[PDB]
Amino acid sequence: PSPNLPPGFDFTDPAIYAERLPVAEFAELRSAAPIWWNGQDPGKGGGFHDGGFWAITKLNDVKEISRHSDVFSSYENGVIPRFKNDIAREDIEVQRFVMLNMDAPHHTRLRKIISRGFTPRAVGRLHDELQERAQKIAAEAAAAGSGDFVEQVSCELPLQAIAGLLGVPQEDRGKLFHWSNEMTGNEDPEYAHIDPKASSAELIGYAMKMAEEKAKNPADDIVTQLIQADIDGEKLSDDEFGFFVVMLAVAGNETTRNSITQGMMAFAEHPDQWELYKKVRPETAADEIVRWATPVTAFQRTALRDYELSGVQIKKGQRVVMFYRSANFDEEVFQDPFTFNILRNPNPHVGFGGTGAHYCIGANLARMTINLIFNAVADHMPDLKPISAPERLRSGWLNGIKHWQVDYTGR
């Protein structure tokens, strides 16, 4: 029996996500068609013109695709499953210059070098300064009495995480943050005038300038470890470091921001959990926040050969779209998936992707950013209560909140 969905329903349809998360639709697929052909009419495939894709809705299937990188390619069509319908193919393939959209062995070499910048020591060295700024962010917001939680609480700390990871001087962080903000949301009317391409170019130019300067003055930021050759001569060229900085500016910003915003939306909806958090400050909360937020609704892969997955024949060349939003609520993996439980432990969510070659390198940095900001929110604005409904972001694969008016004082 076919799944009870509207005819022509596209799970990457930005017009859906601008209003709601299609939670019931995902649940219907999990029950009636866990791997389902998502057809797309001509010119309505968000940049891809192959007629549709396989909607992947079960956690285990998401994990199987993520593990079998040899079959399910990121490079072939990139991992973002939706752009503007009119995007030029070359503007998709230019994104192959970032680690996210590479296959082995190119990806293998790159992740090995980049790993130097995300060692636990490198991230943990940001703990104290981010905790400081986190406390300052919440106190300044709380003093304002009320405002947009997205902008006064959620936005800054992720941007400062990136800046501190790269050693960007404070005088440059403004433009870094603007470049980062200019690379997501171009399908939402509020961001119709942003130019992700131009900001990428400028960012590359800034990053390459930074690489040659950090070569003359070996600091202790990751930049020196990345452009310094190891015993086998492996390092990032100046342009390779340019693309890595582009990768960081886009990845390190809005996903964590929307985790924070939707973490708090969850807390306002689940007072018992908010109360529990304020007393125990459990760090397991960060993972339940990411599972609940699933800031990346979906990433895609392209099959390099015929492959049978859970009884369905994936054909060579076809796209499979991993709906993390569905997998993170898989009744077969989670006890009470639709209960918000900040003590959930273990929490094998795929908010950071399925385990495999492309698993989020910023996972523990994002977790630390979330734990720090929610401790600060708990310290400074514990009686926060919302004022109006969040404004959702029009995107086909990102789960975003543009705005959320909250009373920080509590009334």
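Between two forms, the rigid core is the largest collection of C-alphas that superpose within 1.5 Å. Residue numbers here begin at 1 and follow the sequence given.
- Where the structures in 9 other deposited structures of this protein are fitted on the rigid core, 246-254 is the one of 246-254 and 293-301 whose C-alphas sit farther from the shown form on average.
- Greater average departure of CA atoms from the shown form, over structures and residues in 9 other deposited structures of this protein after a core fit, characterises 183-191 among 183-191 and 168-176.
- Residue-level annotation: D220 lacks coordinates in a third or more of the other entries compared, counting only those that model residues on either side of it.
- Missing-residue comparison: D91 falls in the unmodelled set for none of the other PDB entries checked, so it is not missing from a third of them.
- As the entry records it, the average C-alpha temperature factor is higher for 380-388, out of 380-388 and 37-45.
- The PDB entry reports B-factors from which the mean C-alpha value can be compared for 284-292 and 189-197; the larger average falls on 189-197.
- When the C-alpha B-factors of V150, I87, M102, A143 are read from the PDB record, the largest value belongs to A143.
- Highest CA B-factor among the listed residues (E76, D330, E254, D128): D128.
- When all modelled residues of the chain are sorted by CA temperature factor, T297 is found within the lowest third.
- Looking at the C-alpha B-factors along this chain, the one for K316 belongs to the middle third.
- Sorting the modelled residues of the chain by their CA temperature factor places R82 in the lowest third.
- For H107, the recorded CA B-factor ranks within the middle third of the chain. Only modelled residues enter the ranking.
- Among all modelled residues in its chain, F118 ranks in the highest third by Cα B-factor.
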